[PDB]
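Quick notes on the structure that follows.
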Amino acid sequence: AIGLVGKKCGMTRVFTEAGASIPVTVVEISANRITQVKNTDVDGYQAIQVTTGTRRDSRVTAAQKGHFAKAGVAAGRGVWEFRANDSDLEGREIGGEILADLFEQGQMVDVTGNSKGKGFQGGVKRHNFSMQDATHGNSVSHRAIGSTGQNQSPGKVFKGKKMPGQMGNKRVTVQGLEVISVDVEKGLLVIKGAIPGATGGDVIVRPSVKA
Amino acid sequence: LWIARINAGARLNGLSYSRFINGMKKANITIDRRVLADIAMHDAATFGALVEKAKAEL
Amino acid sequence: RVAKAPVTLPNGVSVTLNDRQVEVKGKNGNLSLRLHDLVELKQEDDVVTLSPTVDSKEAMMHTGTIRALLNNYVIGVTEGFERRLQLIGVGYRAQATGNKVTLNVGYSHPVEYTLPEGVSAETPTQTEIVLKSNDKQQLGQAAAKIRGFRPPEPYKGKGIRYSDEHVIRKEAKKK
Amino acid sequence: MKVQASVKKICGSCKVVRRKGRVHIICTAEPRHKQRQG
Amino acid sequence: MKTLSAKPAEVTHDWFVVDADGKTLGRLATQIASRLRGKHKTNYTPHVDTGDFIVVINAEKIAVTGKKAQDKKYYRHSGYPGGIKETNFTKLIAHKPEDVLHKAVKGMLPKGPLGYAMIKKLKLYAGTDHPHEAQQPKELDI
RNA sequence: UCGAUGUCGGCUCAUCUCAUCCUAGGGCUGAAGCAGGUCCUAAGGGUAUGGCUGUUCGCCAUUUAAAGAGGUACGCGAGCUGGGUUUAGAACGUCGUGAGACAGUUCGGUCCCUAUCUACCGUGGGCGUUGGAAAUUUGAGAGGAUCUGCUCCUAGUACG
RNA sequence: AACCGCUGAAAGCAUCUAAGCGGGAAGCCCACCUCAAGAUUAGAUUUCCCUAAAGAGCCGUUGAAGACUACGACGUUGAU
């Protein structure tokens with residue numbers, strides 16, 4: 002259940018011989034360098050910590066530089082953890098490499114990403130509220146929230162009431178996407194589907210939990 | 060407050076408040092609860108002696 | 003009555019109570035049960051007597067069931083228990099192979115049932131199941147579980163029935 | 001079954017049985033005589 | 001002569017161990033609550049915490065009478081509409097076994113800042129071991 | 001409550017109950033099968049669009065697995081509407097000598113408030129977390145989500 | 001849960017129940033997704049640093065980040 006961190010490069014299509022277009026997105030996959038192995042004895046849980054990408058030394062702090070030098074890996078742009086188990090931690094030792102061959106063609110994966118940020122949005126866009134009458138005497142409440150509760154009883158707005166607020170720029174997982182192709186030498190993962198975020202954003206690809 | 064402190068002092072010596080006060084009234088001891096609580100708090104051996112008198116009266 | 007009845011042990015059986023755990027041994031095998039803490043077990047010459055500890059209705063009721071279970075254990079570790087099932091229906095057939103039985107009753111799939119440890123099935127013919135067990139409770143549970151896959155039906159009698167069970171017969175199209 | 005406030009025997013094959021504090025009528029002869037109190 | 005208070009700096013809190021194995025929940029909780037409040041001390045003053053530190057082991061082996069294991073219900077509200085959750089005594093003791101005795105004692109303590117202070121001294125552990133051998137708690141049957 | 005607690009209906013947005021409309025599990029059946037009926041369990045989700053009328057309702061058309069019954073100031077006008085009712089104009093029928101009147105009708109007829117506090121939706125600042133710091137995290141707990149048709153096949157078999 | 005049991009006494013029988021052992025629902029608790037240590041019980045792990053350090057911020061160039069913020073990137077050892 003360990004995965005890998007990549008970069009969304011954008012979407013294209015893959016044509017099949019039968020003449021079907023498959024919408025795909027391409028994930029750039031620099032090698033995921035193992036910076037730490039966590040275990041039941043020392044940490045209480047089993048996980049693999051990896052770094053990917055690159056960071057310049059002026060932007061790597063002394064604490065992080067010591068943490069990377071302990072593993073013997075070059076500092077990446079970020080550090081990510083993957084919940085593992087005894088079978089997952091089999092041959093994964095500190096300083097090792099995770100390449101795109103962790104995934105095979107045709108296999109289901111889950112992709113987690115940071116959604117595209119819409120900023121402050123009203124109920125109509127954020128919660129699919131119905132608009133109110135464009136005409137017919139409606140005064141100034143075309144995109145208004147409408148009623149927010151009841152009368153004297155309960156005399157409050159309930160928690161979790163759908164309202165305006167920030168929308169997007171959140172962690173989103175799309176489940177059950179298919180791996181279309183894998184290229185370790187090119188560092189390239191082609192996945193059927195949409196994959197949260199904008200191109201350039203960090204994405205996490207993990208073997209699917211539904212399967 | 061005095062009754063609470065007297066109850067604690069008597070239970071340290073093996074008696075409850077409602078038996079200790081009865082034992083005092085049977086022994087004809089007129090010490091008030093304010094003074095008894097003061098003795099229980101600040102003089103444990105004297106309060107032990109008072110408990111002994113009450114317990115001999117029962 | 004039941005509790006006062008003494009359990010008569012044949013020459014092979016040997017019940018050995020040890021700290022609220024009666025172990026009955028015999029030729030057929032070994033069975034065990036927990037002695038309720040309201041019951042005393044006393045063993046005499048080829049006879050076991052159950053008694054209530056403190057005389058009360060509750061203790062009497064509990065020693066009655068201890069006595070019944072012990073008697074079942076003795077008779078099943080000396081002779082065993084046997085239940086029989088019949089499969090009424092044209093395409094209904096059962097096949098016992100080892101500790102598992104495969105029933106083809108009426109479904110789009112055969113039903114495979116694995117017997118509990120303690121019960122053993124065999125099919126002389128293909129519409130009769132014979133279960134033999136060391137104890138009555140597990141024999142009955144296995145029989146009831148096999149029967150529950152396709153219980154007898156009133157309109158034609160089809161299904162898995164016991165050997166000595168009478169099935170109520172309803173009439174289709176009574177006007 | 002019949003779930004009612006009044007459960008009694010409707011024939012000589014009916015039986016009154018209590019389980020879990022609840023009164024049942026179980027009949028070996030007539031399955032529509034099966035009753036539960038409630 | 002005046003009635004004096006216990007002067008928090010002069011109070012000492014002693015450490016005791018209670019084995020909860022097979023004891024009645026409420027009857028043990030009353031004694032723990034009294035000890036935590038400091039009612040057994042003759043310097044007891046209601047605004048001062050004069051209680052002891054109670055360490056409780058075998059907290060999962062506390063007993064309830066009747067059918068209370070299956071029938072005593074613990075509710076909570078989450079703050080969201082319809083958000084009333086219910087657990088059982090048996091399931092609570094399976095899930096977070098120290099919660100049962102913690103709840104019993106918390107209901108029996110004063111409901112204020114000094115009550116919050118004095119329940120801090122309750123140390124509950126499911127199982128036979130506790131980590132406070134450095135405090136040398138003495139065994140207290142209660 | 002009259003030194004003012006804005007009516008009906010719609011719109012928007014709800015929230016709870018279960019006496020359950022669908023879906024789920026059951027007993028009985030005057031349950032052959034398919035369909036049902038009745039009752040028990042069950043509130044997780046789901047539970048139409050139109051024509052008419054201000055309607056709520058109701059009738060009807062066409063669907064749907066179903067088109068639930070209710071509570072929430074007959075939920076919701078400091079969120080919207082303003083068609084009905086309930087000002088001042090006018091007319092008809094009716095009553096009254098008349099001024100006028102009518103849970104009779106008819107045509108027309110100003111809907112304010114920049115949100116302090118609680119609540120709620122988001123998003124920050126402070127301090128704390130037994131020296132400080134850069135990261136990675138466990139999860140006590142909380143929320144979301146929970147629907148369902150049809151076709152094929154088993155099999156035109158079981159049943160008739 | 002309803003419901004259906006197995007064995008079984010009270011109550012020589014019977015009996016799902018009193019002891020004991022089963023089956024069983026879109027419901028409950030997990031499992032999935034998101035948040036989550038102000039969980040003041042404030043948890044854990046790895047590194048770094050302590051005669052102003054390790055770092056953080058101000059400032060600047062900014063961003064599919066954004067009301068302001070915050071968050072992300074970069075500042076000549078540089079493609080912000």
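Protein chains in written order, with the authors' numbering: chain Af, 2 to 212; chain PO, 60 to 117; chain GR, 3 to 177; chain ep, 1 to 38; chain IX, 1 to 142. Heads up, the beta-carbon is just placed ideally off N, CA and C, and yes, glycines get one too.
For residue i, decide whether its Cβ has a neighbour in chain PO, counting only Cβ atoms nearer than 7 Å.
{"i": "residue 41 (chain IX)", "result": "yes"}
{"i": "residue 44 (chain IX)", "result": "yes"}
Whole angstroms are fine: how far does the CA of residue j sit from the CA of residue i?
{"i": "residue 149 (chain Af)", "j": "residue 116 (chain IX)", "result": "37 Å"}
{"i": "residue 16 (chain Af)", "j": "residue 23 (chain Af)", "result": "6 Å"}
{"i": "residue 23 (chain PO)", "j": "residue 20 (chain IX)", "result": "With chain PO covering 60 to 117 only, the question about residue 23 (chain PO) has no answer from this structure."}
{"i": "residue 110 (chain IX)", "j": "residue 63 (chain PO)", "result": "16 Å"}
{"i": "residue 93 (chain Af)", "j": "residue 102 (chain Af)", "result": "14 Å"}
{"i": "residue 72 (chain GR)", "j": "residue 142 (chain GR)", "result": "16 Å"}
{"i": "residue 136 (chain Af)", "j": "residue 144 (chain Af)", "result": "12 Å"}
{"i": "residue 108 (chain GR)", "j": "residue 27 (chain ep)", "result": "30 Å"}
{"i": "residue 1 (chain IX)", "j": "residue 8 (chain IX)", "result": "21 Å"}
{"i": "residue 106 (chain IX)", "j": "residue 141 (chain IX)", "result": "20 Å"}
{"i": "residue 17 (chain GR)", "j": "residue 26 (chain GR)", "result": "4 Å"}
{"i": "residue 42 (chain IX)", "j": "residue 67 (chain PO)", "result": "5 Å"}
{"i": "residue 10 (chain GR)", "j": "residue 50 (chain GR)", "result": "7 Å"}
{"i": "residue 73 (chain IX)", "j": "residue 87 (chain IX)", "result": "6 Å"}
{"i": "residue 144 (chain GR)", "j": "residue 98 (chain GR)", "result": "13 Å"}
{"i": "residue 78 (chain GR)", "j": "residue 31 (chain GR)", "result": "9 Å"}
{"i": "residue 210 (chain Af)", "j": "residue 112 (chain Af)", "result": "11 Å"}
Does any CB atom of chain Af fall closer than 7 Å to the CB of residue i?
{"i": "residue 107 (chain IX)", "result": "no"}
{"i": "residue 8 (chain IX)", "result": "no"}
{"i": "residue 79 (chain IX)", "result": "yes"}
Excluding the 5 residues flanking residue i on each side, which residues of the same chain have their C-beta closer than 8 Å to its C-beta?
{"i": "residue 97 (chain Af)", "result": "34 and 35"}
{"i": "residue 106 (chain Af)", "result": "180, 181, 182 and 183"}
{"i": "residue 139 (chain Af)", "result": "133"}
{"i": "residue 70 (chain GR)", "result": "4"}
{"i": "residue 85 (chain IX)", "result": "75, 76, 77 and 78"}
{"i": "residue 61 (chain GR)", "result": "40, 41, 54 and 55"}
{"i": "residue 94 (chain PO)", "result": "none"}
{"i": "residue 70 (chain IX)", "result": "88, 89 and 90"}
Identify, in the order they occur along the chain, each residue of the same chain with its Cβ nearer than 6 Å to the Cβ of residue i, setting aside the five sequence neighbours on each side.
{"i": "residue 107 (chain PO)", "result": "72"}
{"i": "residue 12 (chain Af)", "result": "26"}
{"i": "residue 99 (chain IX)", "result": "92"}
{"i": "residue 25 (chain IX)", "result": "62, 64 and 104"}
{"i": "residue 84 (chain Af)", "result": "48"}
{"i": "residue 199 (chain Af)", "result": "117"}
{"i": "residue 18 (chain ep)", "result": "none"}
{"i": "residue 86 (chain GR)", "result": "132 and 165"}
Strictly under 7 Å for the Cβ-Cβ distance: is residue i near chain IX by that measure?
{"i": "residue 108 (chain PO)", "result": "no"}
{"i": "residue 99 (chain PO)", "result": "yes"}
Leaving out five residues before and five after residue i in sequence, what residues of the same chain have Cβ atoms less than 7 Å from its Cβ?
{"i": "residue 116 (chain GR)", "result": "101 and 102"}
{"i": "residue 152 (chain IX)", "result": "Any answer about residue 152 (chain IX) is impossible in this case: the structure gives chain IX only from 1 up to 142."}
Would you list, in chain order, the members of the segment 17 to 36 of chain IX that have their beta-carbon closer than 9 Å to a beta-carbon of chain PO? none
Quick one: which unbroken alpha helix (DSSP H) runs of 4-plus residues sit fully inside the segment 166 to 207 of chain Af? Chain order, please. none
Check distances from the C-beta atoms of the segment 63 to 88 of chain PO to those of chain IX and list, in chain order, the residues that come in under 9 Å. 63, 64, 65, 66, 67, 68, 70 and 71
Near-chain IX residues of the segment 159 to 181 of chain Af - C-beta to any C-beta below 8 Å: 159, 160 and 161
I'd like the ranges of any beta strand (DSSP E) spanning at least 3 consecutive residues and lying wholly in the segment 92 to 169 of chain Af. 109 to 115, 120 to 122 and 166 to 168
Alpha helix (DSSP H) runs contained entirely in the segment 37 to 87 of chain GR, provided each spans 4 or more residues: 59 to 80
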